[PDB]
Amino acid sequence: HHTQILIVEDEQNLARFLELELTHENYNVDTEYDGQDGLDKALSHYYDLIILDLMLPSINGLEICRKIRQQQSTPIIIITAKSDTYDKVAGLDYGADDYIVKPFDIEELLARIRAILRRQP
């Protein structure tokens, strides 16, 4: 009944902050701090939207994005300190629906989540 979000982010302070802020907006949030654990969770459960850090232990977020896209059209937002156009283009072309440079303001993330989920059936 709740919208379900997965966050794969190894900086645990930010992961916890995003979880709290999204929960306050009535999302249900799962978090994983390891890239392999995050991919496994994304493939084994239905999420409405997945948020992926790029520099993660075990598996990089771009590889997580690619493996998810073999199996699912689930919306993905990449969050990362990699701000070069090269990196933005790579993430989007791997299947991400949006790409936000860290550090970012929570209100922008929430607005981009709403914009993406607006179009899902």
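The first residue of the sequence shown is number 1, and the count goes up from there.
Looking at 105-113 and 21-29 together, the entry lists the larger mean B-factor for 21-29, computed on C-alpha atoms. For the two regions 34-42 and 72-80, the entry's Cα B-factors average higher over 34-42.
Per-chain ranking of the deposited C-alpha B factor places residue 49 in the lowest third.
Residue 59: CA B factor in the highest third of modelled residues in this chain (values from the PDB entry).
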